[PDB]
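Numbers and lists here come from the model and the stated rules, or from a named source; these are not laboratory values. Note: ideal-geometry Cβ built from the backbone for every residue, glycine included; neighbour counts use all protein chains shown.
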Amino acid sequence: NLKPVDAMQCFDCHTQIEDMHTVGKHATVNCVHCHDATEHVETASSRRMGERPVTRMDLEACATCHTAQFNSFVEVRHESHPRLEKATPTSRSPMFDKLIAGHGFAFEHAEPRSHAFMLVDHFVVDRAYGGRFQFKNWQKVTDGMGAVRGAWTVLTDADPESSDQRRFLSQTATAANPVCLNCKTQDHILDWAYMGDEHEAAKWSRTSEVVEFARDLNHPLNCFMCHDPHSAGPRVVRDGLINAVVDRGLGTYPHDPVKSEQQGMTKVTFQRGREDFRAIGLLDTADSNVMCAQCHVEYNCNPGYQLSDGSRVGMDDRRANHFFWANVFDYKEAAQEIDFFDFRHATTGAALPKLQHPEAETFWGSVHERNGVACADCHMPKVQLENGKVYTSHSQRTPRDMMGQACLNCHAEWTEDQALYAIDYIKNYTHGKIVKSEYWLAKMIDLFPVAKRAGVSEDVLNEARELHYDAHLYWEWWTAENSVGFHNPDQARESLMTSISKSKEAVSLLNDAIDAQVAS
Amino acid sequence: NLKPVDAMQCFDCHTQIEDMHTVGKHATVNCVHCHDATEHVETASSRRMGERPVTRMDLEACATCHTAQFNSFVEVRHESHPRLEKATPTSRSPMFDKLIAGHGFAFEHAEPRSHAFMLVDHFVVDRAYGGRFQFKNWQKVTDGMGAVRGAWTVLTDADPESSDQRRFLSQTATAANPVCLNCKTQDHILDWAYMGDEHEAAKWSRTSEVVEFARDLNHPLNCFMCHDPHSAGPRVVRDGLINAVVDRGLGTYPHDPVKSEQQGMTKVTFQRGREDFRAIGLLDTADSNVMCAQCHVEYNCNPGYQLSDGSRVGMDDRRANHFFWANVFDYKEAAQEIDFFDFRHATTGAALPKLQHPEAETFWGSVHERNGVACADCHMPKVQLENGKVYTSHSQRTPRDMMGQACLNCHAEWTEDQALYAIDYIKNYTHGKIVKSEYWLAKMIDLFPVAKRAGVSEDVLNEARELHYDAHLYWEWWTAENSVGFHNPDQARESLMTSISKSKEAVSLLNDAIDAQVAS
Amino acid sequence: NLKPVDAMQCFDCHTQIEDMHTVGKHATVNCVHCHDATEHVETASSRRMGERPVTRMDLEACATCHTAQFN
Amino acid sequence: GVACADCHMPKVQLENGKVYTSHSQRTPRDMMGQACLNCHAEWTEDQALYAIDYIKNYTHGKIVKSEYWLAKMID
Ligand code: HEC
Ligand code: HEC
Ligand code: HEC
Ligand code: HEC
Ligand code: HEC
Ligand code: HEC
Ligand code: HEC
Ligand code: HEC
Ligand code: HEC
Ligand code: HEC
Ligand code: HEC
Ligand code: HEC
Ligand code: HEC
Ligand code: HEC
Ligand SMILES: [Ca+2]
Ligand SMILES: [Ca+2]
């Protein structure tokens, strides 16, 4: 059984913790619930850590007093089909292989599934670690509780004796790097300096051997990613988000200065040896839009190249951990502002961006966002009980599973079937335009080899490559974004029509240039 | 409250109405239910209208005394997925964009949904009005009753101050013209001369500004499209159908003279200033096959070109409002008979037809049609009540929703699952041949640029273009037709195999010609 | 099929019904829906019924225009 | 101001249609959405049924006891 420790002794050296813990709703929660600091207290000074205390990062540290929230979190939605590749005719991007050729995502890009699996899924996807990690067997894919207990309870490593990123199977890639893990776990929260910069107190950084880092990480989506463990108040911990919102002054709602002020973020920095080390962002309100934006954003978390001169941008560069914090129509400017692109298309040679799940940036300016609705209202609502103490569901999932609570309480004019019909109208329309955009991108891409072989000039090919960047951006945003337009239907429509327009311009340019070469 | 008017006063000048009203089952229904004619009666003469009476065209004019039929009509089938683009891998025509390139349908062609939405869907589809009209917001897509009350109660116009057809968004088209509206509404029944010819008494015609016309129209599928309001007897009002059946003498069942005589149509013409103005077709029997054929047919409702010389055929030409009234194997001859084609393929340059929803012509000669079965038996059956007055369901929808009434009463040997299995056998087989036909069409189409660039002769290209017409026709009939072969499975099979044969002939011709150029 | 009768003629002797029928939502509903009064009209005066007209009491007399309520 | 029809012949609720008054005069148990929960938004169907049953059960118990005592007197 746990035995409490004297917090006042800790507070002597930990003023920031005292100021947070004594005021919030964890003022009665003893440190022993999460820390084993006996040897630390014996050896520390006011400025030197001495022996390092043990800090629990397992979600069960919270389950003890918050079982309802933990159990709701760890539930597996079996209807969220697992390991479902998006580059298939029946999923989100039928022509993805042709369009993304040159990028690691060609090796595998599955639809998301329940949060419990995020860290294990990161480890086992074919694009990440060369197939090094696997579930212990194919049965273990069901085990959400086991994944939560720890990745290494359910996974195996093909070669514990080496730590290099390499292929273990032919059709894999080694795209993973340390930055990725910030959106899968925060087990490393005390071992990683802000932004993953090099730091004498950091075990891990952007430039670490990712296989070694991986082995040190266990738990998905720690509860403390959204809730300060000391004050119990709302927060974010993701460095890239704090950097966008606070350091770069863009605000929590870049398009709305007032809402940004009302629903803001305060950066709190913790030091090691009186040098800034790590930071958190305390939220003015329990604003799920910003909490979920720790991960459900478009980002850089990878090496790339400069738009200006084509030179390599490696993991050592700050740009390798970056939140663009820009909607689809501001993205090109945001990529220009850091002089960055992700890859060269394998067929066209165009410099292209790689877009990833920009739900937060897409939601900005939508009718729901403008009306004060937030992700949690649709994806983790309060639970309705005939007789019971209400709590917030932590099963982050489609509203289709809880339409009473997610939609119909605010849309009293609709039945469940009507609300579902409205969702489907948007998704069906948007998906149709995604497919049309892919058709036209594919048509353009297929002309590049024909044009090169016909002797079309590099000047013309480069004009087409410039169009490819835009045709790509204004399409891929929407295969990346998980709502199939629901989050911002008018924006999706405008963007996808722009993609098609750009591809059609490139097709005409290339066809005319090929025909002129042939005629000559 | 309504106050009756003296019908005998009207009958003094309206002999045709007297002859219909006094004999049928509306003999006791006073004119005030549908007409406000006070000032008209004061000012008319036997030959001049004077002040124009108001005529109600809203469906609620009938709902008052026929609520069951109205409510069944306006029901929305939420399982009929809305705004679902057909040019996607999971819908009816995976390769539609490549095959239809050059035609407006490339901008958008969705699956049908419930009848309540026909007029609003016509107004808002991306191919029709350049994106000028939209629902007031994305919520309104659910509102079938509102659509029925009137399109302009649920839609907005991007520019009320102009009336030209233009693009408001990039990836739209302006294919709509006045003829289209005849299959969406008959609000214009008193304002449109037969066939849309120019007429001094007609406000609207084939050559009208369609945006202005659109603004004057409100209600979908008026109840009086199938039921004469004066006699209550069965009829059609669609000019193009009357023209095919009566003027051109083709009959209600062109393949069956006897059934045509037993189940015929009598053209009744109404005059303005003692000049023929409009017409209806009174049916000998309540024959849903002919009622539904007002709209569920292949038609011209658009400009096009002549097969003979390639010249433009505009909206002013009668051929712009035409029912071919021909099955798939008689269609080419029917298009030749009016010297007409719809578009030139964007890649192949072939003159091609555009086929649209030919359910009526497909049903001819099928086993069910030959056995006296009609559309209503499967799509709007009598309602079965343990205790109640029977009425006819007006919810025109798939029999899957009412298999007891639609199929199993006539197929006592089957369970519901067996009947569904039989439908699926046909649809699955037919769809497979549609996909194969598209594969071969696509293969042929892709050879055209290769052949042109290799220097293949125009003579060879023109031979391939002639094959393209047939390959196209014998495929597109079946993506246009909504039953996926169920209405006439053997015909679908024969046609689709013909399509593949034609495409294979073209592929061989082009490949051999390319190879010969290369060899030279 | 029903053939309407001249309600104004009935009202020459039926002021009580006139005052109800002409004001309410059945003002357009002809008497033939519920009465067979041909021989009555031929034989009545304002003070003598003559032949008794038939009045329908069956619910189907209403179902004809109000099927939803009937069913 | 509630009347028999509110519980026993309510207006029909239609996603798309012309409203009319149900003439099926029957227990509200068959149409609880339209003939109780429309007024009692604080309740689920099961809660509303439970409240009916509490009353009927209590009342019936007193009917049975009343009959017991009447019968004892009669005898
Ligand atoms: C003699 C002063 C002193 C006392 C007493 C003390 N600490 Fe610390 N502690 C430090 C210093 C110094 C650091 C390094 C960070 C800093 O400079 O604030 C540290 C770091 C930590 C960390 C971060 C460890 C890591 O992995 O980065 C935790 C957790 C912690 N202390 C918990 C506690 C707890 C719980 C108590 C009471 C049981 C306690 N400390 C008492 C001085 C103290
Ligand atoms: C020893 C029991 C205990 C432990 C362990 C514990 N909590 Fe709490 N927590 C509480 C109590 C007590 C409250 C206050 C309840 C109230 O008054 O509403 C609370 C409140 C909260 C609140 C609501 C705060 C607010 O201001 O509304 C959050 C969020 C929370 N805890 C999260 C967590 C997280 C995350 C963990 C794991 C890092 C955790 N708790 C661990 C007991 C515990
Ligand atoms: C009568 C025994 C038996 C039956 C029947 C059976 N399983 Fe298994 N299954 C096993 C055993 C034993 C293993 C291997 C256990 C281990 O090594 O951990 C296994 C392994 C598996 C695996 C892992 C496969 C792999 O390659 O790693 C899956 C998935 C699985 N079973 C699913 C199913 C499914 C689904 C069914 C029903 C279609 C089924 N099993 C029926 C006994 C059975
Ligand atoms: C800014 C936070 C963020 C970063 C950094 C991040 N991800 Fe993710 N990842 C997500 C979110 C959100 C999802 C779920 C939504 C989705 O997949 O579209 C996800 C899903 C996944 C999945 C499951 C779906 C799939 O694509 O197969 C895998 C595997 C994955 N990430 C791997 C990685 C890898 C490898 C990296 C680093 C190269 C990485 N992630 C970096 C946020 C992030
Ligand atoms: C992605 C951010 C996020 C994560 C991670 C998270 N929560 Fe929450 N949590 C929320 C939100 C949002 C609320 C509701 C705040 C509101 O509306 O006031 C909430 C509320 C709570 C509350 C307050 C009582 C309630 O139910 O409303 C507790 C306790 C809590 N969470 C515990 C946990 C536990 C334990 C975990 C880990 C199993 C967890 N949270 C993980 C977002 C998160
Ligand atoms: C007004 C309600 C609403 C809001 C607010 C909302 N979403 Fe969604 N979201 C939806 C709907 C509807 C879908 C489509 C779900 C479906 O079709 O099953 C969706 C889909 C998703 C999906 C994919 C779910 C799946 O299983 O396919 C993710 C991830 C997501 N949203 C994240 C977010 C984020 C993060 C936010 C806050 C920035 C957000 N959503 C805000 C309604 C909402
Ligand atoms: C707590 C409020 C709230 C919630 C939760 C909510 N809605 Fe809404 N929704 C609104 C409001 C307010 C509007 C805008 C109303 C208006 O302007 O007419 C709106 C707009 C919409 C629109 C129109 C969008 C557009 O771009 O025109 C759709 C569709 C919709 N909601 C569906 C849903 C669905 C489905 C859900 C459940 C996933 C949901 N809403 C949840 C309040 C809500
Ligand atoms: C003095 C003769 C006269 C009388 C009486 C008369 N009409 Fe007409 N009405 C006409 C003429 C003439 C036209 C033009 C068409 C025609 O020539 O038949 C016309 C046209 C109409 C139209 C078509 C209007 C349009 O928009 O095209 C309607 C409806 C109509 N009458 C209804 C009635 C009704 C109902 C009454 C009795 C209340 C009535 N009329 C009495 C002469 C008459
Ligand atoms: C004032 C009430 C009233 C109005 C308004 C009305 N009807 Fe009727 N309708 C009747 C009556 C009464 C009958 C005869 C019922 C019977 O005897 O079977 C009838 C019969 C019919 C029939 C059956 C005819 C047959 O020969 O079998 C049809 C079809 C019909 N109406 C359609 C309509 C249409 C369409 C409208 C709107 C243009 C309409 N009705 C408006 C009262 C009305
Ligand atoms: C001969 C009658 C007829 C004509 C004329 C007609 N349609 Fe249709 N329309 C139909 C039928 C029947 C359907 C439903 C069956 C289907 O879509 O296959 C339909 C469906 C539609 C739809 C919904 C499905 C889709 O394609 O997205 C739209 C939009 C539409 N029509 C627009 C038009 C336009 C624009 C015109 C004129 C260029 C037109 N229609 C002319 C009969 C017609
Ligand atoms: C597409 C043609 C069509 C349309 C439009 C149409 N009906 Fe019908 N209607 C039919 C058919 C078919 C029958 C059954 C005839 C038969 O089998 O005798 C029917 C029968 C009827 C009947 C006779 C009683 C019955 O139910 O059998 C009435 C009354 C009627 N319809 C009213 C209406 C009303 C009111 C509307 C507008 C809401 C409407 N109809 C629209 C085709 C149509
Ligand atoms: C013997 C029964 C039968 C007859 C008669 C019939 N159909 Fe069909 N129809 C079907 C079946 C079965 C389907 C496929 C429905 C499905 O798979 O859900 C279908 C599909 C349709 C569809 C598409 C429905 C949808 O939701 O996909 C339309 C439109 C249609 N038929 C119109 C007609 C027309 C118009 C007629 C008269 C010329 C007609 N049908 C006659 C059985 C019939
Ligand atoms: C506030 C709603 C309400 C009102 C108003 C109401 N009732 Fe009831 N009535 C009920 C309930 C509840 C029952 C018990 C039904 C059950 O248990 O299934 C009932 C039972 C009945 C029953 C027996 C039903 C059966 O199937 O056992 C009759 C008869 C009845 N009521 C008549 C009337 C009359 C007549 C009025 C108007 C003077 C009236 N009720 C007003 C709620 C109502
Ligand atoms: C026991 C009395 C009673 C009887 C008998 C009765 N109704 Fe009603 N009726 C009502 C009530 C109560 C209303 C609703 C009045 C209101 O709330 O405004 C109603 C309304 C109506 C309405 C108006 C439209 C509507 O639905 O609200 C019509 C039409 C009607 N009844 C027809 C009939 C028919 C036909 C019959 C015979 C089958 C019938 N009624 C028998 C009580 C009755
Ligand atoms: Ca990116
Ligand atoms: Ca056509």
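A few comments on the model shown:
- Region B:1-68 holds helices (runs of 4 or more DSSP H) entirely within its bounds, and those carrying 2 or more residues that are within 14 Å of another protein chain (Cβ to nearest Cβ) and within 26 Å of B:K267 (Cα to Cα) map to B:7-11, B:15-21, B:60-63.
- Restricting region A:206-249 to residues that are free of Cβ contacts under 8 Å to residues at least 40 places away in the same chain and acidic (D, E), the residue that is nearest to ligand 14 (Cβ to nearest atom): A:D247
- For region B:161-207, a residue qualifies if it is surrounded by fewer than 19 Cβ atoms within 10 Å (Cβ to Cβ) and acidic (D, E), and the qualifying residues are B:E161, B:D164, B:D191, B:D197, B:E198, B:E200.
- Residue identified as in contact (Cβ under 8 Å) with a residue 12 or more places away in the chain and either closer than 18 Å to A:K452 by Cβ or surrounded by fewer than 20 Cβ atoms within 10 Å (Cβ to Cβ) (or both) among A:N511, A:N488: A:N511
- Scanning region A:1-36 for residues that are more than 16 Å from ligand 2 (Cβ to nearest atom) and within 36 Å of the chain's Cα centre (by Cα) returns A:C10, A:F11, A:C13, A:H14, A:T15, A:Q16, A:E18.
- Residue within region B:106-115 that is buried (at least 20 other Cβ atoms within 10 Å of the Cβ), farther than 24 Å from B:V154 by Cα, assigned by CATH to the domain that holds B:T348 and more than 15 Å from the chain's Cα centre (by Cα) present: yes
- Taken as a whole, the condition of being within 30 Å of B:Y129 (Cα to Cα), of a type outside the set (F, W, Y) and crowded, with 19+ Cβ neighbours inside 10 Å does not apply to B:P229.
- Number of residues in region A:462-520 that are farther than 24 Å from A:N300 by Cβ, touching a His at 6+ places or on another chain (Cβ under 7 Å) and not in a helix (DSSP H, G or I): the value is 1.
- Where a residue in region B:135-161 is more than 8 Å from every other protein chain (Cβ to nearest Cβ) and its partner, wherever it lies, is assigned to a loop (DSSP other than H, G, I, E, B) and basic (K, R), with Cβ under 8 Å and at least six apart: B:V154/B:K136; B:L155/B:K136; B:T156/B:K136; B:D157/B:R132; B:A158/B:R132; B:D159/B:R132
- Residue selected from region A:364-389 under the condition surrounded by 19 or more Cβ atoms within 10 Å (Cβ to Cβ) and closer than 17 Å to A:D256 by Cα, by the criterion farthest from ligand 5 (Cβ to nearest atom): A:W364
- Criterion: facing chain B (nearest Cβ under 10 Å) and in contact with a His (Cβ under 6 Å, 6 or more places away or on another chain) - qualifying residue of A:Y421, A:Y425: A:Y421
- Test set (1) in contact with a helix residue (DSSP H, G or I) (Cβ under 8 Å, 6 or more places away or on another chain); (2) closer than 29 Å to A:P89 by Cβ; (3) within 11 Å of another protein chain (Cβ to nearest Cβ) - A:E416 fails condition number: (2)
- Of the set (1) part of a loop (DSSP other than H, G, I, E, B); (2) within 20 Å of A:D197 (Cβ to Cβ); (3) within 16 Å of ligand 15 (Cβ to nearest atom), all apply to A:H296 but (2).
- Matching residues in region B:88-105 - criterion: being facing chain A (nearest Cβ under 8 Å) and in a helix (DSSP H, G or I): B:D97, B:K98
- Answer from A:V120, A:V29, A:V141 - the residue that is over 30 Å from A:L441 (Cβ atoms) and outside the structural domain of A:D191 (by CATH): A:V29
- Any hit, region A:269-284, residues being in a loop (DSSP other than H, G, I, E, B), crowded, with 20+ Cβ neighbours inside 10 Å and away from ligand 8 (no atom under 16 Å from the Cβ): no
- Within region B:210-253, considering residues that are under 28 Å from B:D157 (Cα atoms) and among the aliphatic types (A, V, I, L, M), the one nearest to the chain's Cα centre (by Cα): B:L221
- Verdict on B:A346 being aliphatic (A, V, I, L, M), more than 16 Å from ligand 12 (Cβ to nearest atom) and within 14 Å of chain A (Cβ to nearest Cβ): yes
- Qualifying residue in region A:45-56 (condition: more than 16 Å from ligand 12 (Cβ to nearest atom), on the phi > 0 side of the Ramachandran plot and not aliphatic (A, V, I, L, M)): yes
- When each of B:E85, B:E111, B:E75 is tested for being within 14 Å of chain A (Cβ to nearest Cβ), farther than 19 Å from A:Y429 by Cα and within 16 Å of ligand 12 (Cβ to nearest atom), the lone residue that passes is B:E75.
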